[PDB]
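Asker: If it helps, the file is called model.cif and holds mmCIF, C-alpha atoms; chains and numbers go by the auth columns:
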data_entry
#
loop_
_atom_site.group_PDB
_atom_site.id
_atom_site.type_symbol
_atom_site.label_atom_id
_atom_site.label_comp_id
_atom_site.label_asym_id
_atom_site.label_seq_id
_atom_site.Cartn_x
_atom_site.Cartn_y
_atom_site.Cartn_z
_atom_site.B_iso_or_equiv
_atom_site.auth_seq_id
_atom_site.auth_asym_id
ATOM 1 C CA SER A 1 -8.484 -5.986 21.309 0.00 491 J
ATOM 2 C CA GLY A 2 -6.840 -4.728 18.215 0.00 492 J
ATOM 3 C CA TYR A 3 -5.671 -6.589 15.227 0.00 493 J
ATOM 4 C CA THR A 4 -2.286 -8.184 15.431 0.00 494 J
ATOM 5 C CA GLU A 5 0.094 -7.288 12.593 0.00 495 J
ATOM 6 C CA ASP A 6 -0.457 -10.749 11.101 0.00 496 J
ATOM 7 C CA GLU A 7 -4.165 -10.030 11.194 0.00 497 J
ATOM 8 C CA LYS A 8 -3.798 -6.672 9.467 0.00 498 J
ATOM 9 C CA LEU A 9 -1.567 -8.198 6.868 0.00 499 J
ATOM 10 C CA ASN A 10 -4.132 -10.796 6.034 0.00 500 J
ATOM 11 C CA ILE A 11 -6.880 -8.227 5.770 0.00 501 J
ATOM 12 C CA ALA A 12 -4.679 -6.045 3.590 0.00 502 J
ATOM 13 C CA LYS A 13 -3.771 -8.965 1.365 0.00 503 J
ATOM 14 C CA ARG A 14 -7.273 -10.329 0.923 0.00 504 J
ATOM 15 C CA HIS A 15 -9.278 -7.138 0.805 0.00 505 J
ATOM 16 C CA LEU A 16 -7.573 -3.796 1.177 0.00 506 J
ATOM 17 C CA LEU A 17 -5.106 -4.256 -1.549 0.00 507 J
ATOM 18 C CA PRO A 18 -7.369 -5.852 -4.211 0.00 508 J
ATOM 19 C CA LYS A 19 -10.031 -3.194 -3.567 0.00 509 J
ATOM 20 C CA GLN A 20 -7.628 -0.236 -3.809 0.00 510 J
ATOM 21 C CA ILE A 21 -5.783 -1.473 -6.842 0.00 511 J
ATOM 22 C CA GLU A 22 -9.043 -1.639 -8.664 0.00 512 J
ATOM 23 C CA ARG A 23 -10.219 1.777 -7.581 0.00 513 J
ATOM 24 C CA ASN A 24 -7.022 3.393 -8.724 0.00 514 J
ATOM 25 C CA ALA A 25 -7.429 2.055 -12.205 0.00 515 J
ATOM 26 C CA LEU A 26 -4.631 -0.523 -12.014 0.00 516 J
ATOM 27 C CA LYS A 27 -4.912 -3.863 -13.799 0.00 517 J
ATOM 28 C CA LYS A 28 -3.958 -7.190 -12.122 0.00 518 J
ATOM 29 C CA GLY A 29 -0.207 -7.402 -12.489 0.00 519 J
ATOM 30 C CA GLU A 30 0.616 -3.726 -12.972 0.00 520 J
ATOM 31 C CA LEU A 31 1.401 -3.281 -9.273 0.00 521 J
ATOM 32 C CA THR A 32 3.131 -5.601 -6.818 0.00 522 J
ATOM 33 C CA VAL A 33 3.083 -4.589 -3.099 0.00 523 J
ATOM 34 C CA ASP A 34 5.033 -7.226 -1.197 0.00 524 J
ATOM 35 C CA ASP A 35 4.200 -8.204 2.413 0.00 525 J
ATOM 36 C CA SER A 36 7.242 -6.245 3.672 0.00 526 J
ATOM 37 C CA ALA A 37 5.688 -3.020 2.330 0.00 527 J
ATOM 38 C CA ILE A 38 2.313 -3.531 4.064 0.00 528 J
ATOM 39 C CA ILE A 39 4.122 -4.214 7.299 0.00 529 J
ATOM 40 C CA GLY A 40 6.132 -1.102 6.745 0.00 530 J
ATOM 41 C CA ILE A 41 2.810 0.729 6.212 0.00 531 J
ATOM 42 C CA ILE A 42 1.542 -0.779 9.381 0.00 532 J
ATOM 43 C CA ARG A 43 4.655 0.104 11.408 0.00 533 J
ATOM 44 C CA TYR A 44 5.505 3.660 10.203 0.00 534 J
ATOM 45 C CA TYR A 45 2.471 5.177 8.696 0.00 535 J
ATOM 46 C CA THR A 46 -0.319 4.206 10.967 0.00 536 J
ATOM 47 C CA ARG A 47 -1.114 4.054 14.698 0.00 537 J
ATOM 48 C CA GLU A 48 -4.353 2.195 15.275 0.00 538 J
ATOM 49 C CA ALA A 49 -6.242 -0.852 16.549 0.00 539 J
ATOM 50 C CA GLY A 50 -8.248 -1.392 13.318 0.00 540 J
ATOM 51 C CA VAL A 51 -7.283 -0.873 9.646 0.00 541 J
ATOM 52 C CA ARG A 52 -8.726 2.392 8.328 0.00 542 J
ATOM 53 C CA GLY A 53 -5.323 4.205 8.490 0.00 543 J
ATOM 54 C CA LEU A 54 -3.913 1.028 6.822 0.00 544 J
ATOM 55 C CA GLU A 55 -6.428 1.402 4.073 0.00 545 J
ATOM 56 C CA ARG A 56 -5.795 5.131 3.607 0.00 546 J
ATOM 57 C CA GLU A 57 -2.097 4.571 3.028 0.00 547 J
ATOM 58 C CA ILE A 58 -2.642 1.555 0.751 0.00 548 J
ATOM 59 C CA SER A 59 -4.930 3.847 -1.238 0.00 549 J
ATOM 60 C CA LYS A 60 -2.371 6.581 -1.382 0.00 550 J
ATOM 61 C CA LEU A 61 0.084 3.853 -2.441 0.00 551 J
ATOM 62 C CA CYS A 62 -2.046 2.797 -5.383 0.00 552 J
ATOM 63 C CA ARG A 63 -2.785 6.393 -6.378 0.00 553 J
ATOM 64 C CA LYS A 64 0.848 7.263 -6.599 0.00 554 J
ATOM 65 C CA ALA A 65 1.609 4.126 -8.571 0.00 555 J
ATOM 66 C CA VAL A 66 -1.061 4.736 -11.162 0.00 556 J
ATOM 67 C CA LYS A 67 0.182 8.354 -11.506 0.00 557 J
ATOM 68 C CA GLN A 68 3.715 6.907 -12.053 0.00 558 J
ATOM 69 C CA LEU A 69 2.526 4.759 -14.908 0.00 559 J
ATOM 70 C CA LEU A 70 0.605 7.653 -16.340 0.00 560 J
ATOM 71 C CA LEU A 71 3.582 9.974 -16.217 0.00 561 J
ATOM 72 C CA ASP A 72 5.820 7.405 -18.007 0.00 562 J
ATOM 73 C CA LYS A 73 4.344 4.712 -20.345 0.00 563 J
ATOM 74 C CA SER A 74 7.739 3.110 -20.542 0.00 564 J
ATOM 75 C CA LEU A 75 6.698 1.629 -17.200 0.00 565 J
ATOM 76 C CA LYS A 76 4.777 -1.621 -17.354 0.00 566 J
ATOM 77 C CA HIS A 77 4.678 -2.619 -13.718 0.00 567 J
ATOM 78 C CA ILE A 78 5.584 -1.089 -10.309 0.00 568 J
ATOM 79 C CA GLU A 79 7.188 -3.010 -7.518 0.00 569 J
ATOM 80 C CA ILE A 80 6.920 -1.762 -3.917 0.00 570 J
ATOM 81 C CA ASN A 81 8.520 -3.330 -0.858 0.00 571 J
ATOM 82 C CA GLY A 82 9.768 -2.306 2.587 0.00 572 J
ATOM 83 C CA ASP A 83 12.767 -0.392 1.114 0.00 573 J
ATOM 84 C CA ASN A 84 11.090 1.964 -1.376 0.00 574 J
ATOM 85 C CA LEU A 85 7.813 2.412 0.436 0.00 575 J
ATOM 86 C CA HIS A 86 8.774 5.870 1.581 0.00 576 J
ATOM 87 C CA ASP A 87 9.294 6.885 -1.986 0.00 577 J
ATOM 88 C CA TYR A 88 5.512 6.594 -2.323 0.00 578 J
ATOM 89 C CA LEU A 89 4.304 7.472 1.102 0.00 579 J
ATOM 90 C CA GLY A 90 6.784 10.121 2.060 0.00 580 J
ATOM 91 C CA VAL A 91 8.513 10.676 5.430 0.00 581 J
ATOM 92 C CA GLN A 92 7.529 8.110 8.019 0.00 582 J
ATOM 93 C CA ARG A 93 4.951 9.341 10.465 0.00 583 J
ATOM 94 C CA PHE A 94 5.410 7.002 13.510 0.00 584 J
#
Would you put the structure from the file into structure tokens?

Answerer:
Amino acid sequence: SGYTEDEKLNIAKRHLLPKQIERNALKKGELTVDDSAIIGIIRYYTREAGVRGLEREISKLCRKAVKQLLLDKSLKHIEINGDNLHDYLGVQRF
């Protein structure tokens, strides 16, 4: 059976998020995604036993953040949590 949310969170924290931050041309402390945002991604933007939808949205997350820093160099770091997640990912899906 499918991952629990704790499981998904650990996979996101150890792998998904480091991998996508890199890919999206972000440096180490330019982007903070707290645990309440990943959960939020899990609960409202995915519907799945594994983590590919989780990964897709984390990716979209990092892509938007890097475009934010590009479109405004007065930004040094982006903070995402459960409350502004939808500003990056749009209208919740589920």

Asker: Have a look at J:561, J:555, J:577, J:571 and name the one nearest to residue 516 (chain J); count only C-alpha atoms.

Answerer: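 Under the stated criterion, the closest residue is J:555.
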
Asker: Identify all residues satisfying the PyMOL selection byres ((chain J and resi 492-502) around 8) in the given file; provide them as a list in words.

Answerer: residues 491, 503, 504, 505, 506, 507, 525, 528, 529, 532, 538, 539, 540, 541, 544 and 545 of chain J

Asker: I'd like the residues picked by the PyMOL selection byres ((chain J and resi 517) around 12) written out as a list in words, using the chain letters and numbers from the file.

Answerer: residues 508, 509, 510, 511, 512, 513, 514, 515, 516, 518, 519, 520, 521, 522, 552, 555, 556, 559, 566, 567 and 568 of chain J

Asker: Between CA of residue 569 (chain J) and CA of residue 584 (chain J), measure the distance and give it in Å to one decimal.

Answerer: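 Atom-to-atom, CA of residue 569 (chain J) and CA of residue 584 (chain J) are spaced 23.4 Å apart.
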
Asker: Pick from J:549, J:583, J:554, J:574: nearest to residue 537 (chain J), with all atoms listed in the file counted?

Answerer: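 With all atoms listed in the file as the atom set, the closest residue is J:583.
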
Asker: Find the distance between CA of residue 547 (chain J) and CA of residue 564 (chain J) and write it in Å to one decimal.

Answerer: 25.6 Å

Asker: What is the CA of residue 581 (chain J)-CA of residue 526 (chain J) distance in Å, reported with one decimal?

Answerer: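 Computing the Euclidean distance for CA of residue 581 (chain J) and CA of residue 526 (chain J) yields 17.1 Å.
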